[PDB]
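Trainee:
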Amino acid sequence: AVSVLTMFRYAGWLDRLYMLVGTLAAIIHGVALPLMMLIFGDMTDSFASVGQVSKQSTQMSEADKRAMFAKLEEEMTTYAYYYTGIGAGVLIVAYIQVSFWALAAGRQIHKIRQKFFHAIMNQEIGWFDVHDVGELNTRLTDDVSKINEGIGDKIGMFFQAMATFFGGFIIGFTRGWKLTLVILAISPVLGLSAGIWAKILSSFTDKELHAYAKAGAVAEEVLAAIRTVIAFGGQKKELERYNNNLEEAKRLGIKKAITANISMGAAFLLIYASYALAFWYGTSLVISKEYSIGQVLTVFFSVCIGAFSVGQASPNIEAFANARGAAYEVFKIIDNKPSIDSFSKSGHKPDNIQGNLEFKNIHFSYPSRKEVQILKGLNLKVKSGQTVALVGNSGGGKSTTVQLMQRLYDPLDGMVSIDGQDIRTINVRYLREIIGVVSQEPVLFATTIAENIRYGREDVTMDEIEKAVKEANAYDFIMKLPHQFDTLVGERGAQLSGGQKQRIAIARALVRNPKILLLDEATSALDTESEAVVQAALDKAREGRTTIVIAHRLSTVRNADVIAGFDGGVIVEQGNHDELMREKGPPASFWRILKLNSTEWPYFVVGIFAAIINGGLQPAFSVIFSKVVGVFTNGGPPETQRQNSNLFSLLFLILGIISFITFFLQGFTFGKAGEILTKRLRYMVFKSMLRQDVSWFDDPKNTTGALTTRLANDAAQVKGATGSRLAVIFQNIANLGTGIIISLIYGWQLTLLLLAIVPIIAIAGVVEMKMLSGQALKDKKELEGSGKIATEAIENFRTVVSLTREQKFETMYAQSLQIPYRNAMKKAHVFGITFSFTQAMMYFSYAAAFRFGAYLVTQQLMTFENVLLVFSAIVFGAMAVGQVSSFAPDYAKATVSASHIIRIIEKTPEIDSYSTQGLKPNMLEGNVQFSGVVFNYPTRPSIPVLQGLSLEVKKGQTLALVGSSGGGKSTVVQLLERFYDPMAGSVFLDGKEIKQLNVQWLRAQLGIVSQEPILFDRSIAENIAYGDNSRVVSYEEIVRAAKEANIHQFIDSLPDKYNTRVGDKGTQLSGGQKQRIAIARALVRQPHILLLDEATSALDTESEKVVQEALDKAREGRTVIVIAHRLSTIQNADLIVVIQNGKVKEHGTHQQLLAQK
Ligand SMILES: C[C@@H]1NC(=O)c2csc(n2)[C@H](CSSc2ccc([N+](=O)[O-])cc2[N+](=O)[O-])NC(=O)c2csc(n2)[C@H](C)NC(=O)c2csc1n2
Ligand SMILES: CC(C)CCC[C@@H](C)[C@H]1CC[C@H]2[C@@H]3CC=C4C[C@@H](OC(=O)CCC(=O)O)CC[C@]4(C)[C@H]3CC[C@]12C
Ligand SMILES: CC(C)CCC[C@@H](C)[C@H]1CC[C@H]2[C@@H]3CC=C4C[C@@H](OC(=O)CCC(=O)O)CC[C@]4(C)[C@H]3CC[C@]12C
Ligand SMILES: CC(C)CCC[C@@H](C)[C@H]1CC[C@H]2[C@@H]3CC=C4C[C@@H](OC(=O)CCC(=O)O)CC[C@]4(C)[C@H]3CC[C@]12C
Ligand SMILES: CC(C)CCC[C@@H](C)[C@H]1CC[C@H]2[C@@H]3CC=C4C[C@@H](OC(=O)CCC(=O)O)CC[C@]4(C)[C@H]3CC[C@]12C
Ligand SMILES: CC(C)CCC[C@@H](C)[C@H]1CC[C@H]2[C@@H]3CC=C4C[C@@H](OC(=O)CCC(=O)O)CC[C@]4(C)[C@H]3CC[C@]12C
Ligand SMILES: *SC[C@@H]1NC(=O)c2csc(n2)[C@H](C)NC(=O)c2csc(n2)[C@H](C)NC(=O)c2csc1n2
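Take the sequence shown: its letters are residues 32 to 616, 689 to 1260, numbered as in the authors' numbering.
1) Determine the DSSP secondary structure at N838, reduced to helix, strand or coil.
2) Taking C-alpha atoms, which residue in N347, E560, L462 and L277 lies nearest to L814?
3) Kindly indicate the opening and closing residues of the beta strand (DSSP E) around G467.
4) Which value, in whole angstroms, describes the spacing of the CA atoms of residue 617 and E105?
5) Can you tell which of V1209, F131 and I579 has its C-alpha closest to the C-alpha of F1153?
6) Is it the case that the CB of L122 approaches a heavy atom of ligand 2 more closely than 7 Å?
7) If you follow the beta strand (DSSP E) that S1053 is part of, which residue opens it and which one closes it?
8) Excluding the five sequence neighbours on either side, which residues of its own chain have a C-beta within less than 8 Å of the C-beta of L221, listed in chain order?
9) Check whether the stretch 943-958 and the stretch 782-801 are in contact - that is, three or more C-beta pairs closer than 8 Å.
10) Identify every residue that forms a DSSP beta bridge with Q1032.
11) Which same chain residues, not among the five before or five after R438, have their C-beta less than 7 Å away from its C-beta?
12) What did DSSP end up calling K501 once you bin it into helix, strand or coil?
13) Report yes if the C-beta distance between residue 632 and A818 is below 8 Å; otherwise report no.
14) Under three-state DSSP, which class holds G264?
15) For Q1243, count the other beta carbons within 10 Å of its own beta carbon; 16 or more makes it buried, fewer makes it exposed. Which is it?
16) I'd like to confirm the pairing. Which residues does DSSP put opposite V161 in its beta bridges?
17) Quick check: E552 and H583, are their CB atoms within less than 8 Å of each other?
18) Expressed to the nearest angstrom, what Euclidean distance is found between the alpha-carbon atoms of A94 and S88?
19) Using a Cβ-based criterion (distance less than 7 Å to any ligand heavy atom), does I844 qualify as near ligand 5?
20) Under a criterion of Cβ closer than 6 Å to any non-hydrogen atom of ligand 7, which residues qualify, in chain order?
21) Whole angstroms are fine: how far does the CA of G356 sit from the CA of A32?
22) What's the gap between the Cα of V84 and the Cα of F200?
23) In this structure, does DSSP put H141 in helix, strand or coil?
24) So, is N749 buried or exposed, given that buried needs 16 or more other C-beta atoms within 10 angstroms?
25) Does the beta-carbon of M50 have 16 or more other beta-carbons within 10 angstroms, so that it is buried, or is it exposed?
26) If we ignore side chains and look at the alpha-carbon of each, how far apart do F196 and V709 end up?
27) If I measure Cβ to Cβ from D174 and keep anything under 8 Å in the same chain, skipping five residues before and after, which residues do I get?
28) For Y1138, count the other beta carbons within 10 Å of its own beta carbon; 16 or more makes it buried, fewer makes it exposed. Which is it?
29) For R1184, I'd like the list of residues in its chain whose CB is within less than 7 Å of its CB, leaving aside the five on either flank, ordered along the chain.
30) Spatial neighbours of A525 within its chain, please: C-beta separation below 8 Å, excluding the five flanking residues on both sides.
31) Tell me which residue opens and which closes the alpha helix (DSSP H) that residue 27 is part of.
32) I'd like the ranges of any alpha helix (DSSP H) spanning at least 4 consecutive residues and lying wholly in the stretch 268-298.
33) I think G181 touches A288, with their Cβ atoms under 8 Å apart; what is that distance to the nearest whole Å?
34) From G61, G82 and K412, pick the residue whose C-alpha is nearest to that of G198; which is it?
35) Excluding sequence positions up to five away, which residues of its chain have a Cβ less than 8 Å from the Cβ of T431?
36) Taking 7 Å as the cut-off, is the CB of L829 close to at least one heavy atom of ligand 2?
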């Protein structure tokens, strides 16, 4: 499924030179940094040699030194020259690498995309029938971008990474071969620890995801069943179920958070212990007078940077692997030789042809469905100038003879010859342009009528092509509205009708001046008004050349003189009609609202204290590191070096263990707070949504899938704005402020210099990221601009290949892609320049910092201990701040947008939902006066409905209404339980307005039955118990409801009824019994008034009688309102009054029998 080192197969000599120079620059830039460490080591050795000042006899003599301080000055001047030279070299080389690699990638991608479109627009139609279209286009858009990203940036930087790895290891083995081995021994431990912690975290995350998805099942269930849940008024039970299920997800997320934070703690402890071991074993050697402090530093740093690089070049291999995976398919689409080329110039040129088509034993079956044999041989011959008509159900599926005419497929064992010569030898393009074909649905292109006609053949003299357009149905529909020119017809803009689309397609076909014409479904589902003109145009085109017509309409059949119509694959004679039946027939959150939401003010003091401690440790690390270097640079008594070294190594170890315990505690408290916040947010969001109203649920913006994703994968992001985003800011301040205060105390000069320089590189990186993101957005904009013509061409491939215009779309694609070709190159150059400037600023800042430090030391202001402390507390503090900011769950987004969205959902208005504001009368007469009411759906108010209704209900009534279930035109049943709020018409129940009535009381008296009885995973007995939600639930009434609904005989099988859950579609229930238990659940509440509807029950044809008897018993027991399209049920209905828009108030028989069929 991959292909290695064939990608560059499309690379020219210039591209190969670009790649070679880029690789050389990557090698040089990778080797640069170990040389930086070597020069730093020599610098430290020189300072240690000069600043020893251990001789008290010469401490004052000769004005102290003032002679070899000049040597130090000269050595530091030449080292500053080394630093600035390597900086300039990197400044050139980084650009030479990135710009050249990205230019080569851009050229390769442009060639790949252009020739890939050329190849895909070359394959035969059968390939398109076998494969898909949407996935194919998304492949065109996505795989090319994957290849670009990979074989540009990532292969550009992988060579840098390996060059740094080799350079660092050569430096180490060259200078400190004793220390390098022990550093090599301790290095894999960090990687192994990281890997094992990552594996544990991944396992915990997967377990938590499954445990929560167990709850997500019921989350999705009672939101897809939201209508039934609201109607039955039992949201409390689902709230309880969701809380119980989330009780486990919270507990597993606790372990996940603990694992992640203790993983980071171990990652810090191992690093600190590595520093401890390295400097312990280096100090021992230095005291043994083997290695100098410079030789320890330049070897340790070189080895660690080498290991870091070889570990950091994982993504540049992952991206290359992904690019290879995409490139395999992209390349297999190319190089695929088609049976029909339509591009090769091979083929004889017959001129002055007649067109005596013929067919002899044409066997063909669609490769999409090879098992089904459509065509089983035909024998037929025609003469030029004689039209042939085919009549039947379809032309072999759908105009199979038409499809095979233009080489769109390949016949099996069949032979066809236009003039005695097989169509295999003739040129494909020549055959295509001598055959005219009109589609049943004439697709056009989002372009003017001028070019739409131009795509007929060669756009020639515009006056000549207009004269070609001068056929019938012109001069009226082409000038009045179309402004005589530049119509720009398309789905979007200047949209026309099929009556004119067919005519313009016919005009386009006549422009080509075909020799043989094919007609297929000229007026397939077209309006009869547009008829009798398109037929006239077709006839006047027919009088010229031979044509074959297949159409359902009999008018063209009559018009045609010769008719060989048949069906079933068996040929029938031409000319006569014998034995041919002819029946006529969102704003950003303020971030204090989130903290107020996280009301647990405990669990945060401990976290803040731990974060402050951990942030303050890194400056203490810099202090101890500076002291370690100072022990040898500004050395004193040789016998105290051992004690100082042991103390400082023990200090590293103590710092490591205290940092590890700091993350243990901080992670415990912050993860606990985050998980409890997530559980609270999920519970409250579910409560708010179940309180929410039917109108809000019906809003198509709140699609159930997106809503469930918001409940699941968005309510857990807020963990990243009150948690990590509170810990990281305090850690960063306790790091940087503590570093800068110590720097100000000791080396305020160098402190100000470095604190003025560091913001420059910081803002340079920030602006680099901004401009890169902006350029990527713009490039995606033009890429989608090209993708519109790409998809417009690919979607209508059948038509564009039926027409001979094939290279036109390739040329248009090239023209559309030309601009992104230059945009990519300009973006590549900009990225190269900014990368080179950021690296050059880093190295030049390093050089200037040590040059100023050397000046100050020569001036005898601060020692090298202080210089190194200030430097390593200002720069390495900022780098650690950047790393800690990077290691955060993204406060910018994923957290900021999700948090505000769910805050809006939580603070949503309550639209006539459950509340204490309600009247609950103790009597219920069961009378509703549904008259003088008008209502429109809030989701689609543009279509006014439900106008002029007068209804009256009494006790024992069996009111039967007729309303369209399509679009829910009969929404009276919906309005009864206040699914929607009436705007003008008032409804009075028992002489009381429902507005003052309690919503729960109203919904506790309405036995509604839906069309499709959606079912939960709950057992059958408790499903029946669902009727009496928020009421007394017990047993031996479910049995009574079952007896009433006549389900006892069916539930005799597995009579337990308690474990018979319909889970996994287990214990399956068919439609009839599911409806029967739906009415059972309606009845178990024992409501005074019932609503019913039966739509698909009539499909059962067996349970109809049982469900009708159950409904009969229910309605004789109590008043029932029925609305259904089934006239059979109402025929049965007895005490009824048909009403339609208030027009009828009695039996259909009583007035005109409009009600009866
Ligand atoms: C988890 C993650 N780590 C890194 O992103 C990272 C990459 S590099 C590195 N750290 C070097 C060692 S390099 S690890 C190592 C250590 C030893 C050896 N070896 O050859 O023995 C090799 C390697 N190696 O694989 O490169 N770190 C230092 O110099 C150093 C001194 S204080 C300090 N870090 C503080 C405690 N950490 C942070 O502020 C911080 C924030 S986020 C984070 N760390
Ligand atoms: C060692 C340092 C100090 C001197 C660096 C010299 C470079 C400026 C040279 C080295 C190899 C050269 C290149 C070698 C080959 C070409 C191919 C050539 O590609 C084209 O044909 C595009 C022409 C166009 O602009 O239309 C453009 C210049 C380039 C990259 C050369 C430009 C300049 C390069 C990078
Ligand atoms: C000033 C020189 C001696 C030292 C520094 C070298 C690089 C910083 C510059 C100088 C000349 C530049 C080249 C001059 C001209 C071109 C052609 C131009 O590309 C094109 O117009 C077409 C390239 C293609 O698509 O093949 C941009 C890249 C390139 C190679 C440039 C790449 C970057 C180069 C090598
Ligand atoms: C990261 C994993 C894979 C290995 C980490 C090893 C470190 C945790 C060990 C290795 C050597 C140890 C050091 C070896 C010797 C000493 C001296 C000793 O300290 C003293 O004060 C004793 C002085 C003396 O009696 O000589 C004990 C602690 C210390 C710093 C040890 C601290 C812990 C170190 C750095
Ligand atoms: C006399 C001494 C004590 C003066 C101390 C100066 C402090 C009051 C200033 C100097 C630099 C500031 C820091 C510069 C950088 C940042 C930005 C920010 O760090 C981030 O990475 C934020 C990331 C994000 O939330 O997007 C948090 C505050 C912090 C640490 C600042 C906290 C306040 C600091 C330490
Ligand atoms: C546009 C971006 C990449 C910033 C570019 C900055 C560099 C051009 C500057 C910043 C700091 C400068 C350095 C700061 C201090 C010194 C010491 C200074 O003194 C000498 O070396 C003495 C020279 C003499 O008199 O012979 C001049 C060179 C050097 C390395 C400077 C070289 C030029 C550097 C690298
Ligand atoms: S060790 C690999 C490489 N390290 C250096 O380049 C380097 C030279 S000096 C030095 N690090 C001092 C000892 N480092 C710090 O003070 C320090 C504090 S925080 C920090 N470094 C962050 C964690 N470092 C990195 O992310 C990092 C990437 S490569 C690298 N260090």
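Using N, Cα and C, we set each Cβ at its ideal position, and we do this for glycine too.
Mentor: So, from the listed chains and residues:
1) Along the sequence shown, read from residue 1 onward, the residue named residue 838 stands at position 735. Correct three-state label for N838: helix.
2) Here residue 814 refers to the residue found at position 711 when the sequence shown is read from its first residue. Residue nearest to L814 within the set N347, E560, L462 and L277 is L277 (criterion: CA-CA distance).
3) Along the sequence shown, one-based indexing puts residue 467 at 436. Where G467 is concerned, the enclosing beta strand (DSSP E) stretches over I466 to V468.
4) Between 616 and 689, the chain has no modelled residues, and residue 617 is one of the positions in that gap.
5) By 1-based counting over the sequence shown, the position of residue 1153 is 1050. Minimum Cα distance to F1153 is reached at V1209.
6) Counted from its first residue, the sequence shown places residue 122 at position 91. No.
7) As a position in the sequence shown, residue 1053 is number 950, starting the count at 1. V1048 to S1053 is the span of the beta strand (DSSP E), which, as asked, contains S1053.
8) Position 190 of the sequence shown holds residue 221. Within the same chain, Cβ atoms closer than 8 Å to the Cβ of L221 are found at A298, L301, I302 and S305, the five residues on either side in sequence being excluded.
9) Result no; under three Cβ-Cβ pairs closer than 8 Å.
10) Start at 1 with the first residue of the sequence shown, and residue 1032 comes out as number 929. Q1032 is bridged to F1091.
11) Along the sequence shown, one-based indexing puts residue 438 at 407. Only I371, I454, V459 and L462 meet the Cβ criterion.
12) On the sequence shown, position 470 is the one that residue 501 refers to. Coil.
13) Within the gap of the chain, which runs from 616 to 689, lies residue 632, and it has no coordinates in the structure.
14) For this step, residue 264 is matched to residue 233 along the sequence shown. The answer is coil: DSSP assigns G264 none of H, G, I, E or B.
15) Counting from one through the sequence shown, the residue named residue 1243 turns up at place 1140. Exposed.
16) By one-based count along the sequence shown, residue 161 stands at place 130. Answer is none; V161 lacks a bridge partner.
17) Here the question's residue 552 lines up with position 521 in the sequence shown. Here the question's residue 583 lines up with position 552 in the sequence shown. It is a contact, given that the beta carbons lie within the stated cut-off.
18) Start at 1 with the first residue of the sequence shown, and residue 94 comes out as number 63. Start at 1 with the first residue of the sequence shown, and residue 88 comes out as number 57. Computed Cα separation, rounded: 12 Å.
19) Reading the sequence shown from its first residue, position 741 is the one you call residue 844. Closer than 7 Å to some heavy atom of ligand 5: that describes the Cβ of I844.
20) Ordered along the chain, residues surrounding ligand 7 are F332, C335, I336, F339, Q721, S725, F728, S975, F979, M982, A983 and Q986 [Cβ under 6 Å from any heavy atom].
21) Indexing the sequence shown from 1 puts residue 32 at position 1. Indexing the sequence shown from 1 puts residue 356 at position 325. In a straight line, the C-alpha of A32 is about 6 Å away from that of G356.
22) Here residue 84 is taken as the residue at index 53 of the sequence shown, counted from 1. Here residue 200 is taken as the residue at index 169 of the sequence shown, counted from 1. The straight-line gap separating the alpha-carbon atoms of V84 and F200 is approximately 35 Å.
23) Along the sequence shown, read from residue 1 onward, the residue named residue 141 stands at position 110. Collapsing the DSSP output to three states places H141 in a helix.
24) Your numbering for residue 749 matches position 646 in the sequence shown. Counting Cβ neighbours within 10 Å, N749 comes out exposed, since fewer than 16 surround it.
25) On the sequence shown, position 19 is the one that residue 50 refers to. With 16 or more Cβ atoms within 10 Å of its Cβ, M50 is classed as buried.
26) As a working mapping, residue 196 is identified with position 165 in the sequence shown. As a working mapping, residue 709 is identified with position 606 in the sequence shown. Answer to the nearest angstrom: the Cα atoms are 42 Å apart.
27) Along the sequence shown, one-based indexing puts residue 174 at 143. Taken in chain order, the residues that qualify are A357, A358, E360 and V361.
28) Indexing the sequence shown from 1 puts residue 1138 at position 1035. Burial check for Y1138: the Cβ neighbour count within 10 Å stays below 16, so the residue is exposed.
29) On the sequence shown, position 1081 is the one that residue 1184 refers to. Counting only Cβ-Cβ distances below 7 Å, and skipping sequence neighbours, we find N1126, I1127, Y1129 and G1130.
30) Counting from one through the sequence shown, the residue named residue 525 turns up at place 494. Take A525, set aside five residues on each side of it, and the residues of its chain with a beta-carbon closer than 8 Å to its own are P513, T518 and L519, in chain order.
31) What is shown of the chain runs 32 to 1260, which leaves residue 27 out entirely.
32) Complete alpha helix (DSSP H) runs here, min 4: none at all.
33) Walking along the sequence shown from the start, residue 181 turns up at place 150. Walking along the sequence shown from the start, residue 288 turns up at place 257. With a beta-carbon spacing of about 34 Å, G181 and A288 fall beyond the 8 Å limit used to define contacts.
34) Position 167 of the sequence shown, counted from the first residue, corresponds to residue 198. Among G61, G82 and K412, the Cα nearest to that of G198 is on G61.
35) Here residue 431 refers to the residue found at position 400 when the sequence shown is read from its first residue. Excluding positions up to five away in sequence, the list reads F395, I405 and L406.
36) Position 726 of the sequence shown, counted from the first residue, corresponds to residue 829. No - ligand 2 has no heavy atom lying nearer than 7 Å to the Cβ of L829.
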